[PDB]
$ cat target_4.cif   # mmCIF, N, CA and C atoms
data_target
#
loop_
_atom_site.label_atom_id
_atom_site.label_comp_id
_atom_site.auth_asym_id
_atom_site.auth_seq_id
_atom_site.Cartn_x
_atom_site.Cartn_y
_atom_site.Cartn_z
N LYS A 30 -21.45 -49.83 30.67
CA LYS A 30 -20.76 -48.75 29.96
C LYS A 30 -21.52 -48.32 28.70
N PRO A 31 -22.82 -48.03 28.83
CA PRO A 31 -23.63 -47.86 27.61
C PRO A 31 -23.37 -46.56 26.87
N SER A 32 -23.37 -45.42 27.57
CA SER A 32 -23.18 -44.14 26.90
C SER A 32 -21.69 -43.86 26.68
N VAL A 33 -20.87 -44.25 27.65
CA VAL A 33 -19.44 -43.97 27.56
C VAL A 33 -18.82 -44.69 26.38
N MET A 34 -19.46 -45.76 25.89
CA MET A 34 -18.91 -46.49 24.75
C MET A 34 -19.16 -45.74 23.44
N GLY A 35 -20.39 -45.26 23.24
CA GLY A 35 -20.65 -44.38 22.12
C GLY A 35 -19.82 -43.12 22.18
N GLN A 36 -19.38 -42.74 23.37
CA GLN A 36 -18.41 -41.65 23.49
C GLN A 36 -16.98 -42.09 23.18
N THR A 37 -16.59 -43.31 23.57
CA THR A 37 -15.27 -43.83 23.21
C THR A 37 -15.09 -43.84 21.70
N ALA A 38 -15.89 -44.65 21.01
CA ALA A 38 -15.78 -44.73 19.55
C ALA A 38 -15.71 -43.34 18.92
N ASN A 39 -16.51 -42.40 19.44
CA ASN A 39 -16.48 -41.02 18.99
C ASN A 39 -15.08 -40.41 19.15
N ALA A 40 -14.52 -40.48 20.36
CA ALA A 40 -13.25 -39.81 20.63
C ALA A 40 -12.09 -40.49 19.91
N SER A 41 -12.10 -41.82 19.88
CA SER A 41 -11.14 -42.56 19.07
C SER A 41 -11.17 -42.11 17.62
N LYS A 42 -12.37 -42.02 17.02
CA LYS A 42 -12.49 -41.49 15.67
C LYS A 42 -11.92 -40.08 15.59
N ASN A 43 -12.18 -39.25 16.61
CA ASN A 43 -11.66 -37.89 16.60
C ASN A 43 -10.14 -37.88 16.54
N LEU A 44 -9.50 -38.82 17.22
CA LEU A 44 -8.05 -38.94 17.13
C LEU A 44 -7.63 -39.63 15.83
N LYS A 45 -8.39 -40.65 15.42
CA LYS A 45 -8.06 -41.37 14.19
C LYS A 45 -8.03 -40.43 13.00
N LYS A 46 -9.01 -39.53 12.90
CA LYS A 46 -9.08 -38.63 11.75
C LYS A 46 -7.98 -37.58 11.80
N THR A 47 -7.58 -37.15 13.00
CA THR A 47 -6.42 -36.29 13.11
C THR A 47 -5.18 -36.98 12.57
N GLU A 48 -5.01 -38.26 12.89
CA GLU A 48 -3.86 -38.99 12.34
C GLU A 48 -4.01 -39.23 10.84
N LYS A 49 -5.25 -39.42 10.37
CA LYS A 49 -5.48 -39.56 8.93
C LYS A 49 -5.05 -38.30 8.20
N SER A 50 -5.39 -37.13 8.75
CA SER A 50 -4.90 -35.87 8.20
C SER A 50 -3.38 -35.81 8.27
N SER A 51 -2.80 -36.26 9.39
CA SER A 51 -1.35 -36.25 9.54
C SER A 51 -0.67 -37.04 8.43
N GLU A 52 -1.31 -38.12 7.97
CA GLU A 52 -0.71 -38.92 6.90
C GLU A 52 -0.43 -38.10 5.65
N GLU A 53 -1.35 -37.21 5.26
CA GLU A 53 -1.08 -36.32 4.14
C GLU A 53 -0.25 -35.11 4.56
N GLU A 54 -0.28 -34.76 5.84
CA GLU A 54 0.50 -33.63 6.33
C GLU A 54 2.00 -33.91 6.34
N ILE A 55 2.40 -35.18 6.50
CA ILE A 55 3.81 -35.50 6.65
C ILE A 55 4.46 -35.74 5.29
N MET A 56 3.82 -36.56 4.46
CA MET A 56 4.39 -36.87 3.15
C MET A 56 3.62 -36.17 2.03
N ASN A 98 -20.59 -48.44 -11.36
CA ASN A 98 -20.86 -49.55 -10.46
C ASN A 98 -19.77 -49.69 -9.41
N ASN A 99 -19.16 -48.56 -9.05
CA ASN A 99 -18.10 -48.58 -8.04
C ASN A 99 -18.65 -48.99 -6.68
N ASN A 100 -19.85 -48.51 -6.34
CA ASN A 100 -20.46 -48.84 -5.06
C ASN A 100 -20.59 -50.35 -4.89
N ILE A 101 -21.13 -51.03 -5.90
CA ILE A 101 -21.34 -52.47 -5.79
C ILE A 101 -20.02 -53.21 -5.94
N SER A 102 -19.11 -52.71 -6.78
CA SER A 102 -17.83 -53.40 -6.96
C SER A 102 -17.02 -53.37 -5.67
N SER A 103 -17.25 -52.38 -4.82
CA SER A 103 -16.60 -52.40 -3.52
C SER A 103 -17.43 -53.14 -2.48
N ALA A 104 -18.76 -53.06 -2.59
CA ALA A 104 -19.63 -53.76 -1.65
C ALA A 104 -19.41 -55.27 -1.69
N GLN A 105 -19.46 -55.87 -2.88
CA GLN A 105 -19.33 -57.32 -2.98
C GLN A 105 -18.06 -57.81 -2.29
N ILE A 106 -16.97 -57.06 -2.43
CA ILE A 106 -15.69 -57.52 -1.88
C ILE A 106 -15.55 -57.20 -0.40
N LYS A 107 -16.25 -56.18 0.10
CA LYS A 107 -16.19 -55.90 1.54
C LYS A 107 -16.60 -57.12 2.37
N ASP A 108 -16.27 -57.09 3.66
CA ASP A 108 -16.33 -58.26 4.54
C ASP A 108 -17.60 -59.08 4.35
N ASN A 109 -17.41 -60.39 4.17
CA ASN A 109 -18.51 -61.35 4.06
C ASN A 109 -18.51 -62.35 5.21
N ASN A 110 -18.25 -61.88 6.43
CA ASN A 110 -18.23 -62.75 7.60
C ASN A 110 -19.61 -63.37 7.82
N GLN A 111 -19.68 -64.29 8.78
CA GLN A 111 -20.95 -64.95 9.06
C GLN A 111 -21.89 -63.94 9.71
N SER A 112 -22.52 -63.12 8.88
CA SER A 112 -23.34 -62.01 9.38
C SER A 112 -24.75 -62.47 9.72
N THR A 113 -24.94 -63.78 9.89
CA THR A 113 -26.19 -64.25 10.47
C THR A 113 -26.35 -63.77 11.90
N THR A 114 -25.25 -63.66 12.65
CA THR A 114 -25.30 -63.04 13.96
C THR A 114 -25.85 -61.62 13.87
N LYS A 115 -25.30 -60.82 12.96
CA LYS A 115 -25.74 -59.43 12.84
C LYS A 115 -27.18 -59.35 12.34
N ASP A 116 -27.57 -60.23 11.41
CA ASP A 116 -28.92 -60.17 10.86
C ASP A 116 -29.95 -60.58 11.90
N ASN A 117 -29.76 -61.75 12.52
CA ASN A 117 -30.67 -62.20 13.56
C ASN A 117 -30.72 -61.21 14.71
N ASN A 118 -29.57 -60.62 15.07
CA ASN A 118 -29.54 -59.67 16.17
C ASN A 118 -30.21 -58.36 15.79
N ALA A 119 -30.04 -57.91 14.54
CA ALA A 119 -30.64 -56.67 14.10
C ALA A 119 -32.16 -56.79 14.05
N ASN A 120 -32.66 -57.95 13.62
CA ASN A 120 -34.10 -58.16 13.67
C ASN A 120 -34.58 -58.37 15.10
N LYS A 121 -33.77 -59.02 15.93
CA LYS A 121 -34.17 -59.32 17.30
C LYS A 121 -34.24 -58.07 18.16
N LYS A 122 -33.40 -57.07 17.87
CA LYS A 122 -33.37 -55.85 18.65
C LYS A 122 -34.09 -54.68 18.00
N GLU A 123 -34.15 -54.63 16.67
CA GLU A 123 -34.78 -53.53 15.95
C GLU A 123 -35.98 -53.96 15.13
N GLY A 124 -35.83 -54.97 14.28
CA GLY A 124 -36.92 -55.37 13.41
C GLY A 124 -38.09 -55.96 14.18
N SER A 125 -39.17 -55.19 14.30
CA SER A 125 -40.31 -55.61 15.12
C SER A 125 -41.35 -56.33 14.26
N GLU A 126 -41.88 -55.63 13.25
CA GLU A 126 -42.86 -56.26 12.37
C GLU A 126 -42.21 -57.27 11.45
N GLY A 127 -41.06 -56.93 10.88
CA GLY A 127 -40.33 -57.86 10.05
C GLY A 127 -40.68 -57.80 8.58
N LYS A 128 -40.86 -56.59 8.05
CA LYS A 128 -41.09 -56.41 6.62
C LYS A 128 -40.11 -55.36 6.09
N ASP A 129 -38.84 -55.76 5.96
CA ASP A 129 -37.78 -54.99 5.30
C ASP A 129 -37.92 -53.48 5.48
N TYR A 130 -38.33 -53.03 6.66
CA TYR A 130 -38.64 -51.61 6.84
C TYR A 130 -38.35 -51.22 8.27
N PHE A 131 -37.67 -50.09 8.44
CA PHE A 131 -37.13 -49.68 9.72
C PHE A 131 -37.26 -48.17 9.85
N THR A 132 -37.85 -47.72 10.95
CA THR A 132 -38.26 -46.34 11.12
C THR A 132 -37.49 -45.70 12.28
N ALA A 133 -37.87 -44.47 12.61
CA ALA A 133 -37.26 -43.74 13.71
C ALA A 133 -37.87 -44.09 15.06
N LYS A 134 -39.12 -44.55 15.08
CA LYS A 134 -39.76 -44.92 16.34
C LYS A 134 -39.04 -46.09 16.99
N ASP A 135 -38.65 -47.08 16.20
CA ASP A 135 -37.95 -48.24 16.75
C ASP A 135 -36.59 -47.84 17.33
N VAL A 136 -35.85 -46.99 16.62
CA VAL A 136 -34.55 -46.56 17.14
C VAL A 136 -34.74 -45.70 18.38
N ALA A 137 -35.79 -44.89 18.41
CA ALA A 137 -36.06 -44.06 19.58
C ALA A 137 -36.39 -44.92 20.80
N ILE A 138 -37.21 -45.95 20.61
CA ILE A 138 -37.58 -46.79 21.74
C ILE A 138 -36.39 -47.64 22.19
N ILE A 139 -35.54 -48.07 21.25
CA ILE A 139 -34.33 -48.79 21.64
C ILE A 139 -33.40 -47.88 22.44
N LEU A 140 -33.27 -46.62 22.01
CA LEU A 140 -32.44 -45.67 22.72
C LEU A 140 -32.97 -45.43 24.13
N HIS A 141 -34.29 -45.27 24.25
CA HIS A 141 -34.88 -45.05 25.57
C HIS A 141 -34.72 -46.28 26.46
N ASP A 142 -34.85 -47.48 25.88
CA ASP A 142 -34.68 -48.71 26.65
C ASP A 142 -33.23 -48.93 27.06
N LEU A 143 -32.27 -48.37 26.32
CA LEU A 143 -30.87 -48.41 26.71
C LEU A 143 -30.56 -47.46 27.87
N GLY A 144 -31.58 -46.90 28.51
CA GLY A 144 -31.35 -45.91 29.55
C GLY A 144 -30.80 -44.61 29.03
N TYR A 145 -30.91 -44.36 27.74
CA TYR A 145 -30.37 -43.17 27.10
C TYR A 145 -31.45 -42.10 26.97
N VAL A 146 -31.03 -40.84 27.08
CA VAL A 146 -31.94 -39.71 27.02
C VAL A 146 -32.36 -39.53 25.57
N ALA A 147 -33.55 -40.02 25.23
CA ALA A 147 -34.02 -39.98 23.85
C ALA A 147 -34.31 -38.54 23.45
N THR A 148 -33.40 -37.93 22.69
CA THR A 148 -33.63 -36.61 22.14
C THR A 148 -34.80 -36.68 21.17
N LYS A 149 -35.85 -35.91 21.46
CA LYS A 149 -37.15 -36.08 20.82
C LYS A 149 -37.08 -36.16 19.29
N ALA A 150 -36.36 -35.23 18.66
CA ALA A 150 -36.38 -35.12 17.21
C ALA A 150 -35.04 -35.35 16.53
N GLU A 151 -33.94 -35.42 17.28
CA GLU A 151 -32.63 -35.53 16.64
C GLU A 151 -32.37 -36.94 16.10
N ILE A 152 -33.07 -37.95 16.64
CA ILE A 152 -32.89 -39.33 16.17
C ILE A 152 -33.23 -39.45 14.69
N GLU A 153 -34.03 -38.52 14.16
CA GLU A 153 -34.31 -38.50 12.73
C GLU A 153 -33.03 -38.40 11.92
N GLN A 154 -32.09 -37.55 12.35
CA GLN A 154 -30.83 -37.44 11.64
C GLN A 154 -30.05 -38.75 11.69
N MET A 155 -30.09 -39.45 12.82
CA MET A 155 -29.48 -40.77 12.89
C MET A 155 -30.11 -41.72 11.88
N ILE A 156 -31.42 -41.61 11.67
CA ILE A 156 -32.07 -42.45 10.66
C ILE A 156 -31.67 -42.02 9.26
N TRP A 157 -31.41 -40.72 9.06
CA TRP A 157 -31.30 -40.19 7.70
C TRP A 157 -29.88 -40.26 7.15
N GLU A 158 -28.88 -40.02 8.01
CA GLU A 158 -27.51 -39.75 7.55
C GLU A 158 -27.01 -40.71 6.48
N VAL A 159 -27.53 -41.94 6.43
CA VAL A 159 -27.05 -42.95 5.50
C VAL A 159 -28.10 -43.33 4.47
N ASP A 160 -29.30 -42.76 4.57
CA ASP A 160 -30.37 -43.05 3.62
C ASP A 160 -30.03 -42.41 2.28
N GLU A 161 -29.88 -43.24 1.24
CA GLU A 161 -29.34 -42.79 -0.04
C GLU A 161 -30.29 -42.97 -1.22
N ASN A 162 -31.26 -43.88 -1.15
CA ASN A 162 -32.17 -44.11 -2.28
C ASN A 162 -33.45 -43.29 -2.11
N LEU A 163 -34.17 -43.53 -1.02
CA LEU A 163 -35.44 -42.88 -0.75
C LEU A 163 -35.40 -42.36 0.68
N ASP A 164 -35.52 -41.05 0.85
CA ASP A 164 -35.56 -40.47 2.18
C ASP A 164 -36.70 -41.08 2.99
N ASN A 165 -36.39 -41.52 4.21
CA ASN A 165 -37.27 -42.36 5.01
C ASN A 165 -37.53 -43.70 4.31
N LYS A 166 -36.44 -44.38 3.96
CA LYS A 166 -36.49 -45.77 3.54
C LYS A 166 -35.23 -46.43 4.08
N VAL A 167 -35.39 -47.31 5.05
CA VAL A 167 -34.29 -48.10 5.60
C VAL A 167 -34.64 -49.55 5.35
N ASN A 168 -34.05 -50.13 4.31
CA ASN A 168 -34.25 -51.53 3.98
C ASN A 168 -33.16 -52.38 4.62
N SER A 169 -33.44 -53.68 4.73
CA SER A 169 -32.39 -54.60 5.15
C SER A 169 -31.22 -54.57 4.18
N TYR A 170 -31.49 -54.38 2.89
CA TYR A 170 -30.40 -54.20 1.93
C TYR A 170 -29.63 -52.92 2.21
N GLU A 171 -30.31 -51.89 2.69
CA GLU A 171 -29.60 -50.66 3.06
C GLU A 171 -28.75 -50.88 4.30
N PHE A 172 -29.24 -51.69 5.24
CA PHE A 172 -28.40 -52.12 6.35
C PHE A 172 -27.16 -52.83 5.84
N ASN A 173 -27.33 -53.75 4.90
CA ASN A 173 -26.18 -54.44 4.32
C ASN A 173 -25.20 -53.44 3.72
N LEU A 174 -25.69 -52.54 2.87
CA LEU A 174 -24.82 -51.57 2.20
C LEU A 174 -24.08 -50.70 3.21
N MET A 175 -24.80 -50.12 4.17
CA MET A 175 -24.17 -49.23 5.15
C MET A 175 -23.21 -49.99 6.05
N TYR A 176 -23.73 -51.00 6.77
CA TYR A 176 -22.91 -51.89 7.57
C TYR A 176 -21.62 -52.27 6.86
N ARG A 177 -21.72 -52.60 5.58
CA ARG A 177 -20.59 -53.17 4.87
C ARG A 177 -19.60 -52.09 4.43
N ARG A 178 -20.11 -51.01 3.84
CA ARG A 178 -19.26 -49.89 3.44
C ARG A 178 -18.54 -49.28 4.64
N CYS A 179 -19.18 -49.30 5.81
CA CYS A 179 -18.58 -48.78 7.02
C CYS A 179 -17.70 -49.80 7.73
N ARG A 180 -17.90 -51.09 7.47
CA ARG A 180 -17.10 -52.15 8.06
C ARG A 180 -15.77 -52.34 7.34
N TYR A 181 -15.81 -52.46 6.01
CA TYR A 181 -14.61 -52.65 5.21
C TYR A 181 -14.51 -51.51 4.22
N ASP A 182 -13.48 -50.68 4.38
CA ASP A 182 -13.28 -49.52 3.52
C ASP A 182 -11.83 -49.07 3.67
N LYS A 183 -11.51 -47.94 3.04
CA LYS A 183 -10.16 -47.39 3.10
C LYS A 183 -9.99 -46.47 4.31
N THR A 184 -10.84 -45.44 4.40
CA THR A 184 -10.73 -44.42 5.44
C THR A 184 -11.84 -44.54 6.48
N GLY A 185 -13.09 -44.60 6.05
CA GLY A 185 -14.20 -44.47 6.97
C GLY A 185 -14.80 -43.09 6.88
N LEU A 186 -15.05 -42.47 8.03
CA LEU A 186 -15.61 -41.13 8.15
C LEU A 186 -16.98 -41.00 7.48
N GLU A 187 -17.58 -42.11 7.05
CA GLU A 187 -18.74 -41.97 6.18
C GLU A 187 -19.93 -41.40 6.95
N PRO A 188 -20.62 -42.12 7.89
CA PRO A 188 -21.28 -41.39 8.97
C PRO A 188 -20.50 -41.35 10.28
N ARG A 189 -19.80 -42.45 10.59
CA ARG A 189 -19.15 -42.70 11.88
C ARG A 189 -20.10 -42.59 13.07
N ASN A 190 -21.41 -42.45 12.84
CA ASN A 190 -22.30 -42.08 13.93
C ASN A 190 -23.59 -42.90 14.02
N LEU A 191 -24.01 -43.59 12.97
CA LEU A 191 -25.20 -44.43 13.05
C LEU A 191 -24.86 -45.89 13.29
N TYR A 192 -23.94 -46.45 12.50
CA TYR A 192 -23.55 -47.84 12.70
C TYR A 192 -22.71 -48.05 13.94
N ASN A 193 -22.39 -46.99 14.69
CA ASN A 193 -21.86 -47.19 16.03
C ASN A 193 -22.89 -47.89 16.92
N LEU A 194 -24.18 -47.65 16.67
CA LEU A 194 -25.21 -48.39 17.40
C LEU A 194 -25.27 -49.84 16.97
N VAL A 195 -25.07 -50.12 15.68
CA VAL A 195 -24.96 -51.51 15.23
C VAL A 195 -23.76 -52.17 15.89
N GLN A 196 -22.65 -51.44 15.99
CA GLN A 196 -21.49 -51.93 16.71
C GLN A 196 -21.82 -52.22 18.16
N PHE A 197 -22.64 -51.37 18.78
CA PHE A 197 -23.03 -51.60 20.17
C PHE A 197 -23.88 -52.85 20.33
N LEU A 198 -24.86 -53.03 19.44
CA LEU A 198 -25.74 -54.19 19.55
C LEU A 198 -24.99 -55.49 19.28
N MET A 199 -24.05 -55.46 18.32
CA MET A 199 -23.18 -56.62 18.14
C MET A 199 -22.23 -56.79 19.31
N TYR A 200 -21.84 -55.68 19.94
CA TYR A 200 -20.96 -55.71 21.10
C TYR A 200 -21.61 -56.44 22.26
N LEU A 201 -22.89 -56.19 22.50
CA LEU A 201 -23.62 -56.89 23.54
C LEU A 201 -24.98 -57.36 23.04
#
$ encode --input "target_4.cif" --output "structure tokens"
Amino acid sequence: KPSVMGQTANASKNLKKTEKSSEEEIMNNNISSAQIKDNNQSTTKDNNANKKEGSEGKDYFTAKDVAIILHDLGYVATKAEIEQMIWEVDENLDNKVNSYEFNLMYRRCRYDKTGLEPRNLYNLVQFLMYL
């Protein structure tokens, strides 16, 4: 169920955000929230993220690796759109994806109030942790 799952999470979010709107229809901040967000045994996520994405292993992650992972997943690698998947969460330096940036994104998207932040890149992290 490789593509249909990225479609599930998508459609669930599409309904979730409609209900989030319904809620209002009826009736150092970054780090201070990061530290408290989920601190589960993320050695699974770290070892898995390096095992599936981190090839060279120097705190650096590009679009070529995500493109080849997408193609290996039997997915139709859109030639240039994967750049947006790399970019949507890049906040310090455009074309800089650090392991610390994985921590920040993973964590802000894992434990938060609403979500909606990208809803579209860490779905792949959810997939790799899923299988």
$ closest_atom_pairs --input "target_4.cif" --of "stretch 44-182 of chain A" --to "stretch 187-199 of chain A" --cutoff "8 Å" --atoms "only N, CA and C atoms" --output "Markdown table"
| residue | atom | partner | partner_atom | distance |
| --- | --- | --- | --- | --- |
| A:114 | C | A:199 | CA | 7.1 |
| A:115 | CA | A:199 | CA | 6.5 |
| A:118 | C | A:198 | C | 6.9 |
| A:119 | N | A:198 | C | 7.3 |
| A:122 | CA | A:198 | CA | 7.9 |
| A:154 | C | A:191 | CA | 7.6 |
| A:155 | CA | A:191 | CA | 5.6 |
| A:156 | N | A:191 | CA | 7.0 |
| A:158 | C | A:188 | CA | 6.3 |
| A:159 | N | A:188 | CA | 6.8 |
| A:175 | C | A:192 | CA | 7.0 |
| A:176 | CA | A:192 | CA | 6.6 |
| A:178 | C | A:187 | CA | 7.5 |
| A:179 | CA | A:187 | N | 6.7 |
$ write_last_selection --input "target_4.cif" --atoms "N, CA and C atoms" --output "PDB file, in the coordinates of the input"
ATOM      1  N   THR A 114     -25.250 -63.660  12.650  1.00  0.00           N
ATOM      2  CA  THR A 114     -25.300 -63.040  13.960  1.00  0.00           C
ATOM      3  C   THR A 114     -25.850 -61.620  13.870  1.00  0.00           C
ATOM      4  N   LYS A 115     -25.300 -60.820  12.960  1.00  0.00           N
ATOM      5  CA  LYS A 115     -25.740 -59.430  12.840  1.00  0.00           C
ATOM      6  C   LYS A 115     -27.180 -59.350  12.340  1.00  0.00           C
ATOM      7  N   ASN A 118     -29.570 -60.620  15.070  1.00  0.00           N
ATOM      8  CA  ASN A 118     -29.540 -59.670  16.170  1.00  0.00           C
ATOM      9  C   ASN A 118     -30.210 -58.360  15.790  1.00  0.00           C
ATOM     10  N   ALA A 119     -30.040 -57.910  14.540  1.00  0.00           N
ATOM     11  CA  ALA A 119     -30.640 -56.670  14.100  1.00  0.00           C
ATOM     12  C   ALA A 119     -32.160 -56.790  14.050  1.00  0.00           C
ATOM     13  N   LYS A 122     -33.400 -57.070  17.870  1.00  0.00           N
ATOM     14  CA  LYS A 122     -33.370 -55.850  18.650  1.00  0.00           C
ATOM     15  C   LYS A 122     -34.090 -54.680  18.000  1.00  0.00           C
ATOM     16  N   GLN A 154     -32.090 -37.550  12.350  1.00  0.00           N
ATOM     17  CA  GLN A 154     -30.830 -37.440  11.640  1.00  0.00           C
ATOM     18  C   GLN A 154     -30.050 -38.750  11.690  1.00  0.00           C
ATOM     19  N   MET A 155     -30.090 -39.450  12.820  1.00  0.00           N
ATOM     20  CA  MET A 155     -29.480 -40.770  12.890  1.00  0.00           C
ATOM     21  C   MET A 155     -30.110 -41.720  11.880  1.00  0.00           C
ATOM     22  N   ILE A 156     -31.420 -41.610  11.670  1.00  0.00           N
ATOM     23  CA  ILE A 156     -32.070 -42.450  10.660  1.00  0.00           C
ATOM     24  C   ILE A 156     -31.670 -42.020   9.260  1.00  0.00           C
ATOM     25  N   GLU A 158     -28.880 -40.020   8.010  1.00  0.00           N
ATOM     26  CA  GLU A 158     -27.510 -39.750   7.550  1.00  0.00           C
ATOM     27  C   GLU A 158     -27.010 -40.710   6.480  1.00  0.00           C
ATOM     28  N   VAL A 159     -27.530 -41.940   6.430  1.00  0.00           N
ATOM     29  CA  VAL A 159     -27.050 -42.950   5.500  1.00  0.00           C
ATOM     30  C   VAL A 159     -28.100 -43.330   4.470  1.00  0.00           C
ATOM     31  N   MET A 175     -24.800 -50.120   4.170  1.00  0.00           N
ATOM     32  CA  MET A 175     -24.170 -49.230   5.150  1.00  0.00           C
ATOM     33  C   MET A 175     -23.210 -49.990   6.050  1.00  0.00           C
ATOM     34  N   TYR A 176     -23.730 -51.000   6.770  1.00  0.00           N
ATOM     35  CA  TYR A 176     -22.910 -51.890   7.570  1.00  0.00           C
ATOM     36  C   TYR A 176     -21.620 -52.270   6.860  1.00  0.00           C
ATOM     37  N   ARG A 178     -20.110 -51.010   3.840  1.00  0.00           N
ATOM     38  CA  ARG A 178     -19.260 -49.890   3.440  1.00  0.00           C
ATOM     39  C   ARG A 178     -18.540 -49.280   4.640  1.00  0.00           C
ATOM     40  N   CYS A 179     -19.180 -49.300   5.810  1.00  0.00           N
ATOM     41  CA  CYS A 179     -18.580 -48.780   7.020  1.00  0.00           C
ATOM     42  C   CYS A 179     -17.700 -49.800   7.730  1.00  0.00           C
TER      43      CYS A 179
END
$ atom_distance --input "target_4.cif" --atom1 "atom CA of residue A:45" --atom2 "atom N of residue A:33"
18.8 Å
$ resolve_selection --input "target_4.cif" --expression "the PyMOL selection byres (((chain A and resi 134 and name CA) around 12) and name CA)" --output "VMD selection string"
chain A and resid 123 to 125 130 to 133 135 to 141 147 to 153 155 to 156 165
$ atom_distance --input "target_4.cif" --atom1 "atom C of residue A:48" --atom2 "atom N of residue A:181"
18.4 Å
$ residues_around --input "target_4.cif" --residues "residue A:32" --least-positions-apart "2" --cutoff "8 Å" --atoms "all atoms listed in the file" --output "list in words"
residues 30, 34, 35, 36, 37, 143, 144 and 145 of chain A
$ atom_distance --input "target_4.cif" --atom1 "atom CA of residue A:31" --atom2 "atom C of residue A:128"
28.1 Å
$ select_by_dssp --input "target_4.cif" --residues "chain A" --states "helix (DSSP H, G or I)" --output "count of residues only"
78
$ residues_near_point --input "target_4.cif" --point "(-24.6, -56.6, 6.8)" --cutoff "9 Å" --atoms "only C-alpha atoms" --output "NGL selection string"
:A and (108-110 or 112-113 or 115-116 or 169-177 or 180)
$ axis_aligned_box --input "target_4.cif" --around "stretch 98-108 of chain A" --padding-each-side "3 Å" --output "lines of an AutoDock Vina configuration file"
center_x = -18.4
center_y = -53.8
center_z = -3.4
size_x = 11.8
size_y = 16.6
size_z = 21.9
$ decode --input "target_4.cif" --residues "stretch 32-99 of chain A" --atoms "C-alpha atoms" --output "PDB file, in the first residue's frame"
ATOM      1  CA  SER A  32       1.122   5.293  -2.688  1.00  0.00           C
ATOM      2  CA  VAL A  33      -2.357   4.828  -1.248  1.00  0.00           C
ATOM      3  CA  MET A  34      -0.912   5.475   2.226  1.00  0.00           C
ATOM      4  CA  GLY A  35       0.530   8.863   1.329  1.00  0.00           C
ATOM      5  CA  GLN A  36      -2.936   9.447  -0.085  1.00  0.00           C
ATOM      6  CA  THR A  37      -4.658   8.280   3.130  1.00  0.00           C
ATOM      7  CA  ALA A  38      -2.726  10.610   5.433  1.00  0.00           C
ATOM      8  CA  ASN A  39      -3.476  13.350   2.887  1.00  0.00           C
ATOM      9  CA  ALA A  40      -7.246  12.770   2.852  1.00  0.00           C
ATOM     10  CA  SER A  41      -7.454  12.265   6.615  1.00  0.00           C
ATOM     11  CA  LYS A  42      -5.684  15.616   7.026  1.00  0.00           C
ATOM     12  CA  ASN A  43      -8.157  17.099   4.538  1.00  0.00           C
ATOM     13  CA  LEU A  44     -10.990  15.984   6.812  1.00  0.00           C
ATOM     14  CA  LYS A  45      -9.080  16.794  10.007  1.00  0.00           C
ATOM     15  CA  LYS A  46      -8.576  20.420   8.958  1.00  0.00           C
ATOM     16  CA  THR A  47     -12.244  20.762   8.018  1.00  0.00           C
ATOM     17  CA  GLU A  48     -13.090  19.662  11.557  1.00  0.00           C
ATOM     18  CA  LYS A  49     -10.422  22.017  12.936  1.00  0.00           C
ATOM     19  CA  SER A  50     -12.206  24.858  11.149  1.00  0.00           C
ATOM     20  CA  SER A  51     -15.508  23.526  12.500  1.00  0.00           C
ATOM     21  CA  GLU A  52     -14.151  23.945  16.038  1.00  0.00           C
ATOM     22  CA  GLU A  53     -14.050  27.727  15.578  1.00  0.00           C
ATOM     23  CA  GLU A  54     -17.180  27.648  13.415  1.00  0.00           C
ATOM     24  CA  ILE A  55     -19.359  26.192  16.190  1.00  0.00           C
ATOM     25  CA  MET A  56     -18.210  28.095  19.285  1.00  0.00           C
ATOM     26  CA  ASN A  98      12.855  31.289  22.144  1.00  0.00           C
ATOM     27  CA  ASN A  99       9.339  29.953  21.609  1.00  0.00           C
TER      28      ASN A  99
END
